[PDB]
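[1] Experimental structure and sequence below.
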Amino acid sequence: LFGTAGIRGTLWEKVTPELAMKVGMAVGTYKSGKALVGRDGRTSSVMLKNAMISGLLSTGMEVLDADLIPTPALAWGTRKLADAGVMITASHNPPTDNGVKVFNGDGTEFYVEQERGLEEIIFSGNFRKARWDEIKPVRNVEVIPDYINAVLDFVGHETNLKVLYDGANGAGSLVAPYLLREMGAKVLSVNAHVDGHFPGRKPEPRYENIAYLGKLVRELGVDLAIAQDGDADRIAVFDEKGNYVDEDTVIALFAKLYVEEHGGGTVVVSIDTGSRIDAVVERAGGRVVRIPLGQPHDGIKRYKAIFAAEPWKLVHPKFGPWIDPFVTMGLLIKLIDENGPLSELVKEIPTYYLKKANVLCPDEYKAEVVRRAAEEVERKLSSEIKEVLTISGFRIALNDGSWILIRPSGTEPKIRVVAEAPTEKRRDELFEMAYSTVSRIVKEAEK
Amino acid sequence: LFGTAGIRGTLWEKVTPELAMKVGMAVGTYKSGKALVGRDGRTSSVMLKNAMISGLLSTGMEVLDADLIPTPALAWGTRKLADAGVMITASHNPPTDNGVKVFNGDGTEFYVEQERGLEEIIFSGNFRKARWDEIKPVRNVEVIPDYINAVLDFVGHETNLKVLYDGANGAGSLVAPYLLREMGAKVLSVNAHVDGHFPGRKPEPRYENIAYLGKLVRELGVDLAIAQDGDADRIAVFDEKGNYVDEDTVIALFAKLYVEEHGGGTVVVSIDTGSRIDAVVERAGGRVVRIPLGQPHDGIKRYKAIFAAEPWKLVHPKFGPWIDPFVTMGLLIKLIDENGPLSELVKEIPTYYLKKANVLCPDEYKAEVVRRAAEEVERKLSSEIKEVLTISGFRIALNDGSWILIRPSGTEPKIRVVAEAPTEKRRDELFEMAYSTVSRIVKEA
Amino acid sequence: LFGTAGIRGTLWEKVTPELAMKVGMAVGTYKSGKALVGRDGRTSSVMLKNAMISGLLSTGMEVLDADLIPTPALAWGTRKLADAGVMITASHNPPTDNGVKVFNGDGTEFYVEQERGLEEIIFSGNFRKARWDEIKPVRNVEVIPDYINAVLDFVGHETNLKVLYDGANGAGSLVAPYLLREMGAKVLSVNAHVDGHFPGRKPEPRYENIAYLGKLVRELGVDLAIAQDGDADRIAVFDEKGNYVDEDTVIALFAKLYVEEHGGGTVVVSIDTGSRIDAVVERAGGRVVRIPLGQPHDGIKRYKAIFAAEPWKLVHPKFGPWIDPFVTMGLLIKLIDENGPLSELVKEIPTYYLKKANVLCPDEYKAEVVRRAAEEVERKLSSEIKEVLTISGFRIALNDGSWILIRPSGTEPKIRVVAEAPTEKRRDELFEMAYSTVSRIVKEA
Amino acid sequence: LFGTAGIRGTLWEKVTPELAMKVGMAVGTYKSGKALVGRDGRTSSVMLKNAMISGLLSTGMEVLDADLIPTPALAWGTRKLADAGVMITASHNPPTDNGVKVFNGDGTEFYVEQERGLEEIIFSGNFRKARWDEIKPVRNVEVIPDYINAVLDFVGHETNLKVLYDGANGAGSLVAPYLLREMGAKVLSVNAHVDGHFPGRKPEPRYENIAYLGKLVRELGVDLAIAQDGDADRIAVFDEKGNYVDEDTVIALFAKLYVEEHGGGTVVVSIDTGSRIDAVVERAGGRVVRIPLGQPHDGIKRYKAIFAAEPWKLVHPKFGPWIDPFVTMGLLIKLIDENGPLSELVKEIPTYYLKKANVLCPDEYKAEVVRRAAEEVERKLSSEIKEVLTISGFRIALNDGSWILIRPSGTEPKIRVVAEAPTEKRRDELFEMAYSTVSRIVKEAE
């Protein structure tokens, strides 16, 4: 059931009312006391929330119903109010899809160990049943105003910046515009009316889904563009010139800020974030530990990290251990007002050049093909190896700051192939090697 | 799954979230358009309503959420607003129980065809599945105030009577006090805070549960007492003396007034309602048909009748097809204001005397036992037999207005034994005979 | 505008939407930050709450709207949530009336200088005005469940008692029956549906408005009857024998309880409470001080008291400064469960005999009549005299524990007369002296 | 208290909680039965709505609380649900201001006679007071989804057009995006999160507040842009090329559509809508009658009109006697899908050239300066006069389709001066004559 980022899938195939009721029933067998429930704007979300609540109620848990809320606010509100938290969302997936994310009473997403717990209870049907006289009444709660205040107290900044905010027709529309305006920003919102058909654009704030914003920034005269996904756990940014600031740069900006403050410390990033981060962290005298994509919070506990991130998701541990783009965009505005325009701050981040691509493989082979292709690429680059990470596929780092990721995704039946180098010519050289080496090996096992 | 009146049963045994959702899914596979959804105050109802609503939504039906409402208001609202109605309730059962009642867009409970249809669909697992872009938002609706206005306009009576209302800690507490006050009634309410532990009393307004009201009537100086079940589709009444006005006298009163205004016409009642009703209806020039316990309005269509009833449950078809105790309490008060105290109006209703007991019998041998027992009673009394009905067990009617009913039960494993006579002796004789005939057959096989 | 415990009067006469708006304006000129807003169930209370809320918002205060909650829950919620509280209510006044009560961030009612401060601002019309961009959104808050949990945690007692709860169709109906149920009590409720017409009875839980409850306690076999007013700040109790436990007996029971645990300590009662409190407190080695009818907490601050009370209104300082009958309720159940049936417990209380009546008197002839009709009775009986109190009219205490009270009413044009003595004779002779001493000096002018 | 379109003003100066409570007390003295109450997103709207409901309750009226709703949804819901309608809004004014609009049970705005009735009642203090036992409980109602269903039913059109919707941070944002999506439109919204600070732009959809939209239309490849005000009773449009379609062109598309349908009929437009209406109405065999600003509904009963409009505000009598930009945007999409791109459709509208400015005049003179100036411009144009309307200021129509408006606004120390002509030279020449004539006569009385 759980992938890397919760339970996610297409309606009727994987995600059903029946399952959502099973997950509530399992959350109230594994955990007890109070459950904070929230949902995103998808057409199926109220249907799945009513199932979830039916499930949670059946176990004797007191349900606190927050209804339509961004995921971060559900994580924050869970810490403040509840013993467990449940979010109805498929985040960045199309409107055919929904899912469930589960949170603990400290605001952290479920650990791998806790997910397997919940699945064992679902597979067994061994659910805690309340007596009739232990079934607690639902309590409606209003979290967004408290969340917005907690984010303004944390950020401690006033602005006059003009800001373009793109809400993907999602839960961020009920929080980001108001937060920015409270800070004294002049907000021009796009896709900031909540709509589960995602009429504005595909909700995932990939560059190709939000490219129009770069043009909007120049015409409008804004200091900064901010885009989100449907449950607003992601953040994407454009500068005052309408340049897309890519995800590694956004992370590098904060990785530098955090390490320089502390005069050092551990930063934790995903296996698939690049050398912009190692570059600015080492120069300022801290270190980088890489972990699998999915659990940026996990790294904080293990490595005592001051900052953790994956592409589009930063964690601000002094605020709390959830991905918090509301903190992120608040602090990005403080960075600009305190140091000058965003395009000049991105110049102080070194250029690397990434090139990724999927290369299709059956799920039966997947793992064999990666293991055999990592060995071959290592051998061909043996003169240049700095380190091989094995924690999530194979990340091969080279002496000059280049690296290759060869990794199977947990879901789709294919292999992820990333290469990054300090030059375009070498981005191309290494990507070709990695791509074609995987391509050729795939078609071997396929005959 | 469906008995006489909805799906009922105990939490976790037969009634679950899983089933509540499958029923929603079934209703939205069998019908389309709008579902009006309501619940009573049991501790499990919001949980089941959540599951139900998930069900309904998954089929592309547009849910209207009326939340905590009495069943008659759900029936009325279903006719105003929706193509189907669903009610989370077990009406008069203990706090441990809940269930679902399903209504059509004209306000009638499911007919047997439609119950079976729904049962097949659940068994099949073949539920209609909306596409993501056909799942409809929930609409919250406030029914009670419009329901109250509709009763008030139908009854068209102001009053100054003092009324004692017992809402059985249930859904009636949100409606009857306010309808009585709007009519002019001075209401003293008991058990009129909503609570699914039913702390005040067992919710079923059987005399044995509501008999304290008798003495309360005396002290408080009230004209009338009204008592209800947890979803408020039952009504029981006490008079100004504090005397219980049993369920046939109540039906008799309504039978009498309906057959008079008309100048005759048909009155459908249950197979277990006795001769108080036959007496007033023939005297005022009308006829009585009988059906099985379940939906009095089945009768109305079938026997073009002007009134129908079972014990506690009266239908006023000029208003609508559903059991409507809110109409009943409004017309009882109108009756009294126009004609004089209730105790006076009940003297003008012939006495008969009823004794009833249940004899346990396995759900398996029920048809078998009755069969023999009834033909034995037919033989032992053959000189007197005026009529035998086989529609629900056997109702053996004698020449001297007496009768014996020997009926198999539905949701319990017992046979139901009843006698009505015009004397305490002729009663005691026909019952302590009829009971021991069934009793002795059950002690063989 | 303010009397002893709030602004109150007749709709359209003294209390208007206009006044309700000016008070909101005045509160948010005198204070800043957050205002918690609550109301009782009177017909006019939503109209005045809207006017009140418009007032507060206009000053830049952040309004927290609790809607329909009892006064104690508003005072409790104010301490938890806000810088000021506002209650729309006239507590025990008839349905023709409403009012406002203003609370501080610690949950105390308006102190006199706040009252005067507020009145000058209203007369002046110089109200703080928010700029457009400082008017704050209303926040809806659910207080009752949290207030219920706070009271349970403080009473620390589960029971199995049967209890008769009479909510005067008022705000207590949404709270008492559920607090009693979560403890384990089997609640039988009367007048426990909210109704601003107060159909059940006069909302003031005077013996003669709630008399009927006595013969009802016997009938149902309850261990205790509890009655409140419409805002539920008041409590009145009958025992399992259906004997009215008069209001000093209740006070004395808690007096005894609070002083015995402590080993002495001081007890603030109002000037018109009797010798029952004097006796159980001295006996237990504690000290009794009298203050005027108003706010019993003024006593806790001044005299570091462990317990304050007036007739029908107890304060439990360990919980909070407000009159809290939800705490009284629960500690009284815990008393009975720990020391036996209530009728027994009221026997361990000394008996005195009380009589009172009102003499109509113009406002300008109150200051005059009393002082000069008290000079007189002070001289006649200056043999016995143990102490005269003049802090609130004249209260003449004798050496045999007897006493007389002549007092000018706050909010009505009449002189109040009270006599109490250890004996049936000594009582009836004092009341008849003092009552006709006034009546006579009235017809001088 | 009432100006053109309801009671409007700056917070604390004219518009107060105490005023809003008086207006409620007045409406429940002038009218009986049920009152539907709505508001816009202004920071003061909840404060004034609470005061309004307090007033209305005090008179025994049954209050139906629709909360935050656009004005057109309030007029339609009033017709469905109630005997009176109240809207808390200052519509297009800055966030410093608020206001009250009142509506009859048939969904018409209050007539001048009805406004005086209310003002007298407010000025006398003689409000109907309910007895305690007649104060009715407030009923919360959900109008928007019923309203969207009625507009979709009335429009009878499915689409796949791309559409830029600009909600000006206002009540339109809760209806227009959903009504467009349900028609099949691919909606990209700007300023479609409600906020009383109007952070996106000034909510009045004059061209100069919404100029940026024309630029976004091109970049984004949209077929149509639609911009509204704060209460969404106004509509403004840009075509697929980012061309601002001016308010007379929008009215004219619809005058022509309505007059071609009926082969004739009367169209009622305000005194300051110009000649492109006359061109398409006469060419299809209909006639144009003019009335003053603010009363476009008054045309329907008075002149039996099939369509009525003033700049930004169109009435579709067959749906209701209120300004309904939701019906408008729906019918524009239907127009475009059935006839071709918007830019092509506006080419079939004859070109006139307008030029407007104000001239400062003390309130004490105003009337005198306009009367004298109009007599003087008439005489100078005497060889050319088609018609001179006096119903609101002086509108001087010439034989060639040109015209001059000289009008004192009934709320400000200035005189409004319009001139339109088939040609640029004639525009300039006629505007030069009228502007300078008025400008001179002002300073003599000084």
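    Here it is on my side, so go on. Numbering: from 1, shown residues only, chains lettered A, B, ... in the order given.

[2] Just give me the longest helix of chain A.
    Determined from DSSP state H, the single longest helix within chain A is helix A:424-445.

[3] Backbone dihedrals for the residue lying closest to residue A:345 once chain neighbours are set aside, please?
    Nearest residue to residue A:345, sequence neighbours excluded (CB to CB, 6 or more residues apart in numbering or on different chains): residue A:339, at 5.8 Å. (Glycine included, C-beta is placed from N, CA and C.) When quoted as degrees, to the nearest 10, the phi and psi of residue A:339 stand at phi -150, psi -10.

[4] quick one: the residue lying closest to residue A:426 once chain neighbours are set aside from chain C, how far?
    Among residues not flanking residue A:426 along the chain, residue A:402 sits closest, at 5.9 Å (CB to CB, 6+ apart). Applying CB to the nearest CB, to the nearest Å, the value for residue A:402 to chain C is 53 Å.

[5] Contacts only, for residue A:44.
    A:11, A:15, A:98, A:196, B:132, B:135 (CB atoms under 8 Å, 6 or more residues apart in numbering or on different chains).

[6] at 6 Å instead, please
    Going by CB atoms under 6 Å, 6 or more residues apart in numbering or on different chains, residue A:44 touches A:11, A:98, B:132, B:135.

[7] The residue nearest to residue A:345 and chain C, how far apart?
    From residue A:339 across to chain C, the span is 29 Å (CB to the nearest CB).

[8] what residues go with each domain of chain A?
    What automatic domain parsing lists as the domains of chain A is A:7-141, A:145-245, A:247-322+A:341-347, A:353-445.

[9] How many residues are close by the residue nearest to residue A:345?
    The number of residues packed near residue A:339 is 12, by other CB atoms under 10 Å in any protein chain shown.

[10] Quick check: phi and psi at residue A:416.
    phi -90, psi 130.

[11] what's the nearest residue to it if we skip its chain neighbours?
    Nearest non-adjacent residue to residue A:416 (CB to CB, 6+ apart): residue A:407, at 4.6 Å.

[12] Ok, residue A:93 next?
    Nearest one to residue A:93, counting by CB to CB, 6+ apart, is residue A:8 at 6.3 Å.

[13] is that neighbour in a bridge, and if so with what?
    Beta bridges link residue A:8 to residue A:99, judged by DSSP bridges.

[14] hang on, it packs against residue A:101?
    No: contact criterion CB atoms under 6 Å: residue A:8 and residue A:101 do not qualify, at 8.8 Å.

[15] For chain C, what is the nearest residue in the stretch 251-400 of chain A?
    The stretch 251-400 of chain A approaches chain C most closely through residue A:326 (18.6 Å), counting by CB to the nearest CB.

[16] Quick one: classify that residue as helix, strand or coil.
    Using DSSP: H, G, I helix; E, B strand; the rest coil, the structure places residue A:326 in helix.

[17] thought it was touching residue A:151?
    Yes: contact criterion CB under 6 Å: residue A:326 and residue A:151 qualify, at 4.7 Å.

[18] who has more neighbours, those two?
    The neighbour count for residue A:326 versus residue A:151, taken as other CB under 10 Å, is higher for residue A:326 (28 against 25).

[19] Would you check how far apart the more buried one and chain D are?
    15 Å.

[20] what's near enough to touch that residue?
    Going by CB under 6 Å, 6+ apart, residue A:326 touches A:72, A:151, A:179.

[21] ok, those residues vs chain B, which is closest?
    For these, the nearest to chain B is residue A:72 (24.6 Å; CB to the nearest CB).

[22] Contact partners for the closest one?
    A:322, A:324, A:326.

[23] Skipping adjacent residues, who's closest to residue A:292 in space?
    residue A:392 (4.0 Å).

[24] so the closest residue to residue A:176 other than its chain neighbours is in which element?
    The shortest distance from residue A:176 to any non-neighbouring residue, by CB to CB, 6+ apart, is to residue A:165 (5.3 Å). Residue A:165 belongs to strand A:162-166 when assigned by DSSP states H and E.

[25] now the angle from that strand to strand D:186-190?
    Strand A:162-166 and strand D:186-190 are oriented at 160 degrees to each other (axes from the mean of the first three to the mean of the last three CA atoms, to 10 degrees).

[26] how far out from the middle of the chain is strand A:162-166?
    Distance of strand A:162-166 from its chain centroid, counting by CA atoms, centre = their mean, to the nearest Å, is 21 Å.

[27] which helices and strands sit right next to the helix or strand following that strand?
    Past strand A:162-166, heading to the C-terminal end, the next element that is a helix or strand (DSSP H and E) is helix A:176-183. Judged by 3 or more CB pairs under 6 Å, 6 or more residues apart in numbering or on different chains; DSSP states H and E, the packing partners of helix A:176-183 are helix A:144-155, strand A:162-166, strand A:186-190.

[28] Show me what the residue nearest in space to the middle of chain A is bridged to.
    Nearest to the mean C-alpha position of chain A, counting by CA atoms, centre = their mean, stands residue A:313 at 4.1 Å. Residue A:313 forms beta bridges with residue A:310, as assigned by DSSP bridges.
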